[PDB]
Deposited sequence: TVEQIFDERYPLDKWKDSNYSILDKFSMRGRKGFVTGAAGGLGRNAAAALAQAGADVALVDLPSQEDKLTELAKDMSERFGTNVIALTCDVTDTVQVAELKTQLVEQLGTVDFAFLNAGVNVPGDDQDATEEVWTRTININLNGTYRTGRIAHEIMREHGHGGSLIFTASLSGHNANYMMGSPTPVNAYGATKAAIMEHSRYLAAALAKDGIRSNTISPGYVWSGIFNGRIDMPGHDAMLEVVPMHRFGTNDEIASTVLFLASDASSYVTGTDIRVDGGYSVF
């Protein structure tokens, strides 16, 4: 055993082995996790994508969204055959986040992935800091559970809706960079998704001339990128960002 150690832990051609399957790397069978902002377009689509790929998922959003979370979770549980549950939490409330940690463990079993899907005078600077601490503490309990259960996982941070988004975006990105460096050894990856203009419904012509694809993204085009980053397909990807913006930045 001198060279045949490097050959055991570093195959050059996994695809040669009949038991290797590239598509199974995008599967979430056996995996459990949660999605914040889950009553919204990005969150519930990401959650449905993970559930259809085989994960158990907790849908997390504000207590005021309970009935929507409960209906979405029943619908996904039925359509995809996994345990999708609803867990209300206002993550700016410390006690509720502590309770969420308990209920994730007690109702899911463990946490393998978290999609921390954050929503965006001197009032703005106060509310930016409040919502960032909410994001931070939610990611924190996610990786505490991972560590406490002795396994790895995947954290995915995003922010969606000018100075406020830019400052929030920069903060989250630096936050994910440090997590990626500090938790890599616990098997925990951290990445961000930076969405461009995504359709969300009425409640144009100018901003689409900016976008080289000349259209908006849909919620499912973010959801497929979340599945990549949450799945083993992205097992060597940490500390980075995926821009999903139709070319906006280019």
How would you list, in order, the spans of the deposited sequence that the model does not cover? 121 to 130, 172 to 185, 228 to 235, 283
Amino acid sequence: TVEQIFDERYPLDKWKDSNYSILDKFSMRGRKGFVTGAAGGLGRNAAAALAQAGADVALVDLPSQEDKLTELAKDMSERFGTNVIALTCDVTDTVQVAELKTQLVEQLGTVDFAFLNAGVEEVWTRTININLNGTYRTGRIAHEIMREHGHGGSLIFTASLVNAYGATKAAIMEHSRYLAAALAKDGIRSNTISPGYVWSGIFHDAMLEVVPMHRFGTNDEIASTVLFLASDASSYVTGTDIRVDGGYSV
From here on, numbers count along this sequence of modelled residues.
Would 124 to 132 or 88 to 96 have the larger average of its C-alpha temperature factors, as given in the entry? 124 to 132
Comparing average C-alpha B factors as deposited, tell me which of 71 to 79 and 138 to 146 sits higher. 71 to 79
Check the PDB entry and point out which of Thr36, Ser224, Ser200, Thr192 has the largest C-alpha temperature factor. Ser200
Residue with maximal Cα B-factor (values as given in the PDB entry) among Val111, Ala170, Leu161, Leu116: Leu161
By the entry's values, the third containing the CA B factor of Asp205 is the highest
Pull the Cα B-factor of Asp56 out of the PDB entry and bin it into the chain's lowest, middle or highest third. lowest
Third assignment of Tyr10 from its chain's C-alpha B-factors: highest
Sorting by Cα B-factor within the chain, modelled residues only, which third would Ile188 end up in: lowest, middle or highest? middle
State the tercile, meaning the lowest, middle or highest third, of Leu62 with respect to the CA B-factors recorded for its chain. middle
